[PDB]
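A short write-up of the structure that comes next.
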Amino acid sequence: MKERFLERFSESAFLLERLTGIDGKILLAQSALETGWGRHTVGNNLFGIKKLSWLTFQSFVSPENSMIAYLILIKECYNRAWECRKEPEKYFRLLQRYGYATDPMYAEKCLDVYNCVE
């Protein structure tokens, strides 16, 4: 359920916004998209992070850990996107351009979900 998902992870997202500067709604949008509002999460991996993502799926002790791992991944491997972490449209477009996802409409979908969160 969308509301349950947001009620479970909004605090995490906005704490990480305060800590790192990323738009917390970006975190919620991408994880909602990957997991289907939390319905399909495997191994507490909210973002579909793979074991060789440092360019199968990683498992985590907690879903929050996967959130933190995601931030490390973007900061270290998608730094151009990391610089635009307060600009959702630009951010998602950069992730797609830098091959974060193979889905040719990934950024479009992220943005639609972002608008839903918002």
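Residues in the structure tokens are numbered from 1 in each chain, the chains being A, B, ... in the order shown, and ligands are numbered from 1 in the order shown.
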Neighbour list for residue 96 (chain A) as a list in words, cut-off 12 Å, only C-alpha atoms, skip fewer than 2 positions in-chain: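 Answer for this query is residues 78, 80, 81, 89, 90, 91, 92, 93, 94, 98, 99, 100, 101, 102, 103, 104, 105, 106, 107, 108, 109, 110 and 111 of chain A.
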Give me a file of those residues, with N, CA and C atoms, as a short mmCIF file (atom, residue, chain, number, x, y, z; two decimals), in the first residue's frame.
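What landed in result38.cif:
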data_model
loop_
_atom_site.label_atom_id
_atom_site.label_comp_id
_atom_site.auth_asym_id
_atom_site.auth_seq_id
_atom_site.Cartn_x
_atom_site.Cartn_y
_atom_site.Cartn_z
N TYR A 78 27.88 7.81 -9.47
CA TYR A 78 27.04 8.68 -10.30
C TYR A 78 27.19 10.11 -9.81
N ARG A 80 27.92 12.99 -11.02
CA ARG A 80 27.28 14.08 -11.74
C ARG A 80 25.84 14.20 -11.27
N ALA A 81 25.17 13.05 -11.16
CA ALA A 81 23.81 13.02 -10.64
C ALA A 81 23.80 13.47 -9.19
N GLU A 89 13.97 16.26 -11.66
CA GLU A 89 13.94 16.07 -13.11
C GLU A 89 15.33 15.83 -13.69
N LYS A 90 16.25 16.74 -13.37
CA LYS A 90 17.63 16.65 -13.82
C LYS A 90 18.31 15.39 -13.30
N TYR A 91 18.09 15.11 -12.01
CA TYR A 91 18.68 13.97 -11.33
C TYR A 91 18.32 12.65 -12.00
N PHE A 92 17.03 12.43 -12.22
CA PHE A 92 16.58 11.19 -12.83
C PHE A 92 17.08 11.06 -14.27
N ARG A 93 17.09 12.18 -15.00
CA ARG A 93 17.57 12.20 -16.38
C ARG A 93 19.04 11.81 -16.46
N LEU A 94 19.81 12.26 -15.48
CA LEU A 94 21.23 11.95 -15.45
C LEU A 94 21.46 10.48 -15.12
N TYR A 98 23.49 7.98 -17.54
CA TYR A 98 24.70 7.30 -17.07
C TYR A 98 24.51 5.80 -16.85
N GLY A 99 23.36 5.28 -17.27
CA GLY A 99 23.15 3.84 -17.33
C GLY A 99 22.79 3.21 -16.01
N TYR A 100 22.16 3.99 -15.13
CA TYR A 100 21.69 3.48 -13.85
C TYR A 100 20.65 2.37 -14.06
N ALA A 101 19.83 2.54 -15.09
CA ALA A 101 18.77 1.60 -15.39
C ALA A 101 18.73 1.33 -16.88
N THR A 102 18.29 0.14 -17.25
CA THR A 102 18.21 -0.21 -18.66
C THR A 102 16.86 0.21 -19.25
N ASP A 103 15.88 0.44 -18.39
CA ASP A 103 14.55 0.88 -18.84
C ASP A 103 14.65 2.23 -19.54
N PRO A 104 14.33 2.26 -20.85
CA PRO A 104 14.46 3.51 -21.62
C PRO A 104 13.54 4.63 -21.12
N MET A 105 12.57 4.30 -20.28
CA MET A 105 11.66 5.30 -19.74
C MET A 105 11.81 5.42 -18.22
N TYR A 106 12.98 5.02 -17.71
CA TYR A 106 13.23 5.04 -16.27
C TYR A 106 13.02 6.42 -15.64
N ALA A 107 13.61 7.46 -16.23
CA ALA A 107 13.54 8.79 -15.63
C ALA A 107 12.11 9.32 -15.63
N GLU A 108 11.38 9.05 -16.72
CA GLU A 108 9.98 9.41 -16.83
C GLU A 108 9.15 8.77 -15.71
N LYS A 109 9.40 7.48 -15.47
CA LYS A 109 8.65 6.75 -14.47
C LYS A 109 8.98 7.27 -13.07
N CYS A 110 10.27 7.53 -12.83
CA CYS A 110 10.71 8.07 -11.54
C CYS A 110 10.01 9.38 -11.24
N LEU A 111 9.89 10.22 -12.26
CA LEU A 111 9.31 11.50 -12.08
C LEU A 111 7.81 11.39 -11.82
#
Report as CSV: every residue of region 58-80 of chain A with an atom at most 8 Å from region 26-50 of chain A, its closest pair of atoms, and their distance in Å to one decimal, counting only C-alpha atoms, with rows sorted by chain and ascending residue number.
residue,atom,partner,partner_atom,distance
A:58,CA,A:50,CA,5.1
A:59,CA,A:43,CA,4.5
A:60,CA,A:44,CA,5.4
A:61,CA,A:44,CA,6.9
A:62,CA,A:44,CA,5.5
A:63,CA,A:44,CA,4.5
A:66,CA,A:45,CA,5.3
A:67,CA,A:46,CA,6.9
A:70,CA,A:47,CA,6.9
Give me a file of those residues, with N, CA and C atoms, as a compact mmCIF listing (two decimals), in the first residue's frame.
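Final output, again-v6.txt:
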# COMPACT_ATOMS: atom_id res chain seq x y z
N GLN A 58 22.06 -7.44 -4.06
CA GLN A 58 22.60 -7.37 -2.70
C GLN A 58 21.49 -7.62 -1.69
N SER A 59 21.86 -8.19 -0.55
CA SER A 59 20.94 -8.32 0.57
C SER A 59 21.42 -7.44 1.72
N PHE A 60 20.47 -6.93 2.50
CA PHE A 60 20.78 -6.03 3.60
C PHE A 60 20.09 -6.45 4.88
N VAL A 61 20.67 -6.04 6.01
CA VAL A 61 20.13 -6.36 7.32
C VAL A 61 18.81 -5.63 7.54
N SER A 62 18.70 -4.43 6.98
CA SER A 62 17.49 -3.62 7.10
C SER A 62 17.26 -2.81 5.83
N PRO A 63 16.01 -2.40 5.58
CA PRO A 63 15.75 -1.59 4.39
C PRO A 63 16.47 -0.25 4.45
N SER A 66 19.79 -0.36 2.91
CA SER A 66 19.81 -0.31 1.45
C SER A 66 19.72 1.14 0.96
N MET A 67 19.02 1.99 1.72
CA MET A 67 18.92 3.42 1.44
C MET A 67 20.29 4.09 1.54
N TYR A 70 22.46 2.96 -1.25
CA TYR A 70 22.09 3.66 -2.47
C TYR A 70 22.81 5.02 -2.55
message = If you run DSSP on the backbone here, which positions in chain A get helix (DSSP H, G or I)? Please write them as a ChimeraX atom specification.
response = /A:2-20,24-35,63-77,79-83,88-97,106-117
### Shell of 12 Å around residue 15 (chain A), only C-alpha atoms, local chain residues under 3 positions omitted, as a PyMOL selection string
chain A and resi 9-12+18-25+27+64+67-68
If you count only C-alpha atoms, the residue of A:1, A:117, A:73, A:16 closest to residue 95 (chain A) turns out to be A:73
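Proximity to residue 85 (chain A) was assessed for A:115, A:97, A:17, A:53 counting only C-alpha atoms; the smallest distance is recorded for A:17.
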